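S.K.: I would like to see how this sequence folds:
(2 chains)
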Amino acid sequence: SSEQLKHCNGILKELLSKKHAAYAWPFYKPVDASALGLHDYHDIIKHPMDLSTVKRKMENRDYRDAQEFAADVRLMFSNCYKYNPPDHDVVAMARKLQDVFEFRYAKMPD
Amino acid sequence: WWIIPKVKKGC
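M.R.: Numbering: from 1, shown residues only, chains lettered A, B, ... in the order given. Coordinates below:
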């Protein structure tokens, strides 16, 4: 219930914390396709997502259950895996941050 | 930051 959303908010705070900043920083804000020269990004990624958007939704009480929060976080990683070849640093960073997310999300209070 | 966007991190 609200208890499960508190667990989600805790995960979100952890993903944004200094402990994980070395691999989380590419996901703090929406991909700036123009600034990075990725002029095909929005043709390949039709539903962009990032941690600032997840945080805005959490602060506005947008998520009604844990599954909705998890779908957004996982969409963010999915976009990274779709756009970027797996040998690029951003994919290694995404996989490590998703490890953090999945292992803690799995500890959802029942 | 990126040395090369997406490809290689610098920080």
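S.K.: which phi and psi does the closest residue to chain A within chain B have?
M.R.: Per Cβ to the nearest Cβ, residue B:5 is where chain B lies closest to chain A, at 3.9 Å. Heads up, the C-betas are built off the backbone N, CA and C, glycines and all. When read as degrees, to the nearest 10, the backbone of residue B:5 gives phi -50, psi 120.
S.K.: what about residue B:3, which SS state?
M.R.: Under DSSP: H, G, I helix; E, B strand; the rest coil, the three-state class of residue B:3 is strand.
S.K.: residues in contact with the closest residue to it other than its chain neighbours?
M.R.: Once flanking residues are discounted, residue B:3 sits nearest to residue B:10: 4.2 Å by Cβ to Cβ, 6 or more residues apart in numbering or on different chains. Under the criterion of Cβ atoms under 8 Å, 6 or more residues apart in numbering or on different chains, the neighbours of residue B:10 are B:1-3.
S.K.: Out of those, which is nearest to residue A:43?
M.R.: The closest of the contacts of residue B:10 to residue A:43 turns out to be residue B:2 (Cβ to Cβ; 20.7 Å).
S.K.: Residue B:11: neighbour count?
M.R.: 8 (other Cβ atoms under 10 Å in any protein chain shown).
S.K.: how far away is the closest residue to chain B within chain A from residue A:99?
M.R.: In chain A, the residue that lies nearest chain B is residue A:36 (3.9 Å; Cβ to the nearest Cβ). In this view, residue A:36 and residue A:99 are 25 Å apart by Cβ to Cβ, to the nearest Å.
S.K.: Ok, residue A:27 next?
M.R.: 13 Å.
S.K.: Same drill for those two, tell me which one is more crowded.
M.R.: Neighbour tally, residue A:27 and residue A:99, criterion other Cβ under 10 Å: the higher count belongs to residue A:27, 26 against 11.
S.K.: close to chain B, is stretch A:13-20?
M.R.: No - residues of stretch A:13-20 are not located near chain B by Cβ under 8 Å from any Cβ of the partner chain, the shortest gap being 13.2 Å.
S.K.: Now that stretch - C-alpha only, PDB.
M.R.: Backbone C-alpha positions of stretch A:13-20 (Å, rounded to 0.1, in the frame of the first residue of the first chain) are rendered in PDB as follows:
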ATOM      1  CA  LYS A  13      16.600   8.000  -2.900                       C
ATOM      2  CA  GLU A  14      19.300   5.400  -3.000                       C
ATOM      3  CA  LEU A  15      19.600   5.500  -6.800                       C
ATOM      4  CA  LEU A  16      20.100   9.300  -6.500                       C
ATOM      5  CA  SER A  17      22.600   9.000  -3.600                       C
ATOM      6  CA  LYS A  18      26.400   9.700  -3.700                       C
ATOM      7  CA  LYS A  19      27.000   5.900  -3.200                       C
ATOM      8  CA  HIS A  20      25.900   5.200  -6.700                       C
END
